[PDB]
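This report concerns only the one structure given below.
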Amino acid sequence: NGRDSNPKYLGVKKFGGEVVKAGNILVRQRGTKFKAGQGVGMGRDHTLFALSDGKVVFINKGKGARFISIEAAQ
Amino acid sequence: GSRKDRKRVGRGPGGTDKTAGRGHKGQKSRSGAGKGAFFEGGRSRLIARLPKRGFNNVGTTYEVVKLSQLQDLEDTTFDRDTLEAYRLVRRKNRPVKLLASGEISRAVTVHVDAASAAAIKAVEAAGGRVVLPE
Amino acid sequence: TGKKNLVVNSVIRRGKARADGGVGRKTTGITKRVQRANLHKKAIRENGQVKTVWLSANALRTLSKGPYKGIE
Amino acid sequence: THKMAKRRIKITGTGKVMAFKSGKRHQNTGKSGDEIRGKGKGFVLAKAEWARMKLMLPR
Amino acid sequence: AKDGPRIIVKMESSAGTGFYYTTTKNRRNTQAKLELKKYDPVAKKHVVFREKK
RNA sequence: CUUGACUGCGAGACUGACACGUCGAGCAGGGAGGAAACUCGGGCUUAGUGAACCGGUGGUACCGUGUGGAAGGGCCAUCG
RNA sequence: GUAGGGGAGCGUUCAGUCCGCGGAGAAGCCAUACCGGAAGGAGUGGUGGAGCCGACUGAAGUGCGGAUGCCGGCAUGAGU
RNA sequence: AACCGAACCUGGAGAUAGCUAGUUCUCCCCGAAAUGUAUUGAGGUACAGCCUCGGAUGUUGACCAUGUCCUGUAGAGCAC
RNA sequence: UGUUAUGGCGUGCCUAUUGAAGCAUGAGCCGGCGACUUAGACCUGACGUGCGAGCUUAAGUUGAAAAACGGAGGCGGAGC
RNA sequence: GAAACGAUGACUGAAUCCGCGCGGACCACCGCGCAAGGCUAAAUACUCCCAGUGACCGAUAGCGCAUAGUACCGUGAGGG
RNA sequence: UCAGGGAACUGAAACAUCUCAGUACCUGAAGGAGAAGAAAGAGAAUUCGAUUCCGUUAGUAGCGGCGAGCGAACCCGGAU
Ligand SMILES: [Mg+2]
Ligand SMILES: [Mg+2]
Ligand SMILES: [Mg+2]
Ligand SMILES: [Mg+2]
Ligand SMILES: [Mg+2]
Ligand SMILES: [Mg+2]
Ligand SMILES: [Mg+2]
Ligand SMILES: [Mg+2]
Ligand SMILES: [Mg+2]
Ligand SMILES: [Mg+2]
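Protein chains in written order, with the authors' numbering: chain T, 12 to 85; chain I, 11 to 144; chain U, 8 to 79; chain 3, 6 to 64; chain 1, 2 to 54.
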């Protein structure tokens with residue numbers, strides 16, 4: 012049979028070198044792809060959200076683990 | 011002279027004739043020509059399904075009498091029970107209430123039906139009296 | 008045609024499903040909504056002269072317990 | 006329309022419309038506690054445009 | 002949240018002297034006799050809640 | 001070991017035509033675990049669902065048609 | 001440049017003013033090589049025989065190729 | 001009473017008609033849409049999206065370059 | 001200006017359409033009739049006018065070649 | 001519907017002035033009223049008809065009719 | 001004008017309550033007019049004081065598959 016191409020959404024909401032706010036949603040993910048770095052929290056759905064205001068740090072280690080951080084802009 | 015009498019200069023435009031216009035055939039091609047049924051509201055679209063009750067009452071309502079109004083201008087004619095109609099509260103239908111908005115020190119004595127806290131706390135600190143029905 | 012006043016003059020007929028309830032039902036709802044009629048009985052009496060005519064059961068009671076413009 | 010008065014179509018002082026949150030009202034609950042307090046204040050101004058017209062003259 | 006003949010249940014809730022409705026989903030399967038928990042009523046909060054009824 | 005499968009709230013964002021939906025630092029009443037930093041407003045996440053309306057049920061005391069009460073209604077839960 | 005929106009206007013009946021024209025002849029009808037960016041508007045010539053332009057303002061039953069549209073008149077099929 | 005799966009006439013009555021057909025005087029300025037979602041919805045309708053006029057704002061637009069990150073297609077490869 | 005001979009060019013109009021010279025609808029021809037209106041102390045907006053933190057009257061009364069009176073009431077003025 | 005009150009169709013069927021009906025379930029206070037008997041211009045409605053006027057028509061308009069419900073159609077109602 | 005009787009198409013984008021609407025039609029009685037009337041009342045001031053009519057209250061109180069929709073009265077201003 013066939014049914015349901017699903018809407019979902021996902022993607023990475025706030026990209027690198029972008030200035031965010033406290034409360035903005037940075038990444039919408041499913042599992043843990045992007046680990047919350049310094050300045051960054053992770054919701055129960057593993058959504059990455061911002062604790063404080065500042066600039067978006069992307070950290071690439073070879074993946075498997077990589078990090079969304081927030082460093083101050085000021 | 012009536013014949014030299016001019017127009018309003020831009021009060022009205024002429025009306026709208028849909029006869030002629032060489033390629034006007036009006037309204038919408040199908041569907042929504044000819045009907046008297048158009049009707050923007052209705053229970054169909056997102057009004058019902060909307061979840062409220064509360065309950066309707068709207069009881070006693072009072073004349074809002076600005077403090078700024080009372081003070082500043084006029085004489086302090088000692089408003090009281092009659093002259094007040096000429097003071098532009100004009101309602102009838104309802105009793106009168108006094109609330110605090112503008113600030114100027116004045117001795118004033120007024121008969122209204124009720125007042126707010128900082129209203130009486132205002133009128134007296136500048137000196138005066140505010141009466142209430144017994 | 009009765010004695011005092013008149014006859015017939017009738018009402019419509021209502022009937023309702025979800026009949027009863029818990030008095031505090033969900034609601035009562037309707038079905039019938041049709042027109043209806045009314046009538047009475049006739050017996051033989053006379054006044055001023057011998058007649059038969061018709062007798063309203065109320066006025067039957069009345070004529071029986073007293074002679075107000077009529078006798079049996 | 007004249008039904009919608011006590012239900013919230015309600016109009017503000019800025020000529021906006023009060024429509025908040027329906028998420029679950031009476032039947033079907035037993036999820037969380039603040040979805041239950043999820044009942045809000047709120048609105049949108051898209052369908053507020055023709056909303057007031059239901060309530061129009063009686064503010 | 003649908004209901005019928007089935008197992009488990011949605012059982013109502015109350016406190017010692019305090020008046021509050023938790024209404025949580027219970028289950029008669031493994032064990033249900035004591036519905037006893039600790040929940041917080043009108044004012045005092047801080048009480049044991051017997052949801053057994 | 002326990003009843004955070006909490007109450008009163010939401011800075012700010014994801015998403016949707018709308019209605020819904022989603023995540024969420026943090027303030028307070030307060031709790032539970034830990035020596036402590038601290039964590040907790042259900043569950044690795046993603047499905048396990050349904051607007052309004054009419055009604056059943058517990059709580060609160062606003063409306064209640066001359067006035068004082070009650071009937072009925074309203075609001076906070078909540079069941080269908 | 002199609003639905004659609006915006007702007008300027010042309011022409012027609014009625015009405016109030018204004019200016020007037022007409023038996024040495026009104027409107028209407030007929031022709032016409034002129035005028036105007038268009039709707040349109042004049043010039044003269046022929047018909048007519050009792051009335052009518054121009055200007056301003058206002059009001060409309062106000063503009064037709066269609067609707068197997070309506071009333072009428074007259075064609076084609078045919079000297080069949 | 002010359003068309004009877006319910007006669008004829010007058011009437012309610014301009015029945016309703018998400019259907020079809022038609023909708024006339026000029027020029028000027030712009031200028032679409034047949035997508036998305038919901039719909040006893042599918043040739044219909046509500047909201048959005050795209051058109052126009054007016055106001056406010058006042059380069060935020062547009063392309064192109066530099067910087068910065070995100071993506072797993074083409075290719076490829078055989079490490080599951 | 002009228003008529004003409006020759007050359008070049010040249011797929012009625014409308015409607016309905018993804019698409020019409022269409023072998024898809026309509027229509028014999030010419031008159032004349034013929035379709036976005038009217039109403040309400042309604043709702044909302046644009047332009048214009050009078051007063052302006054005020055603004056207005058309705059029924060009705062009285063004069064009526066002519067219009068005045070009539071503040072019952074309505075709308076601003078406070079919100080949640 | 002918590003449904004008061006008027007109104008009757010069927011069964012019932014009280015008081016009478018330290019009395020009776022009402023005041024929107026019902027109770028008490030507190031008010032308002034006194035049913036079972038009748039008549040009663042005026043201000044209101046309409047236009048067969050007569051008068052006067054009209055930004056009403058003027059011979060496909062205006063009433064159907066510049067007189068005709070006649071001719072003409074139908075058994076008739078009716079149409080015209 | 002009052003009275004006895006009383007539709008449906010239609011709206012609810014389907015349809016039973018509902019709306020159309022006590023509308024159309026039938027019938028009965030009467031006049032130039034009718035109807036209605038001299039509070040067992042409105043009404044919440046211990047005000048008003050027969051009926052009808054206009055304004056207004058007011059789309060307000062309220063009615064309702066609380067859907068489509070329907071929609072008062074007192075006060076107050078009058079004609080009388
Ligand atoms: Mg068409
Ligand atoms: Mg021959
Ligand atoms: Mg032949
Ligand atoms: Mg032959
Ligand atoms: Mg036959
Ligand atoms: Mg028709
Ligand atoms: Mg055409
Ligand atoms: Mg097209
Ligand atoms: Mg053809
Ligand atoms: Mg051909």
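Backbone N, C-alpha and C fix where the C-beta goes; we use that ideal spot for every residue, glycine too.
| Check | Outcome |
| --- | --- |
| Going along the chain, which residues of its own chain have a beta-carbon closer than 6 Å to the beta-carbon of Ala132 (chain I), five neighbours each way excluded? | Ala110 |
| Spatial neighbours of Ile9 (chain 1) within its chain, please: CB distance less than 7 Å, with the 5 preceding and 5 following residues excluded, ordered by chain position. | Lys26, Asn27, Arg28, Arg29, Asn30 |
| Can you give the Cα-Cα distance for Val18 (chain U) and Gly29 (chain U), rounded to whole angstroms? | 29 Å |
| Looking only at C-alpha atoms, which of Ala26 (chain U), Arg20 (chain U), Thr59 (chain U) sits nearest to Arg43 (chain U)? | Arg20 (chain U) |
| I want to verify the contact list: residues of chain 3 whose CB lies under 7 Å from the CB of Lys11 (chain 1), in sequence order. | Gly35 |
| Just verifying my parser: in three-state terms, what is the DSSP assignment at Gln42 (chain U)? | strand |
| If you measure from the beta carbon of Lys11 (chain 3) to each beta carbon in chain I, is any gap under 8 Å? | yes |
| When we look at the beta-carbon of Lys15 (chain 3) and count the other beta-carbons within 10 Å, is it buried (16 or more) or exposed? | buried |
| With H, G and I counted as helix, E and B as strand and the rest as coil, what does DSSP make of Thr25 (chain 1)? | strand |
| Taking Cβ positions only, does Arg63 (chain I) come closer than 8 Å to chain 3? | yes |
| Along the chain, which unbroken stretches of the alpha helix (DSSP H) at least 4 residues long are found entirely within the stretch 77-119 of chain I? | 77-80 |
| When we look at the beta-carbon of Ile57 (chain I) and count the other beta-carbons within 10 Å, is it buried (16 or more) or exposed? | buried |
| What residues of chain I sit near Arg30 (chain 3), judged by a beta carbon separation below 8 Å? | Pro61 |
| Are three or more beta carbon pairs between the stretch 42-53 of chain 3 and the stretch 20-27 of chain 3 nearer than 8 Å? | yes |
| At which residues does the alpha helix (DSSP H) containing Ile130 (chain I) begin and terminate? | 127-133 |
| Please give the ranges of any alpha helix (DSSP H) in the stretch 14-73 of chain T, keeping only runs that are unbroken, at least 4 residues long and fully inside the region. | none |
| Is the Cβ of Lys26 (chain 1) closer than 8 Å to any Cβ of chain 3? | yes |
| Figure out for me which residue from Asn35 (chain T), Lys19 (chain T), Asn12 (chain T), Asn71 (chain T) has the closest Cα to the Cα of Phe60 (chain T). | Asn35 (chain T) |
| Could you name the residues of chain 3 that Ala2 (chain 1) contacts, counting a contact when the two beta carbons are closer than 7 Å? | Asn33, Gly35 |
| Pull up the distance between the alpha-carbon of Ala47 (chain I) and that of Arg104 (chain I), whole angstroms please. | 42 Å |
| Among the residues of its own chain, which have a CB less than 8 Å from the CB of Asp91 (chain I), if the five just before and after it don't count? | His121 |
| Show which residues of chain 3 have a CB atom less than 8 Å away from the CB atom of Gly46 (chain I). | Chain 3 residues near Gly46 (chain I): none, gap ~18 Å exceeds 8 Å. |
| Residues of chain I with CB closer than 7 Å to the CB of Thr6 (chain 3), please, in chain order. | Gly51 |
| Nearest chain 3 C-beta to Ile57 (chain I) closer than 8 Å, yes or no? | yes |
| Can you find a C-beta in chain I that's less than 8 Å from the C-beta of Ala24 (chain 3)? | yes |
| If you measure from the CB of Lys35 (chain I), is any heavy atom of ligand 1 nearer than 7 Å? | yes |
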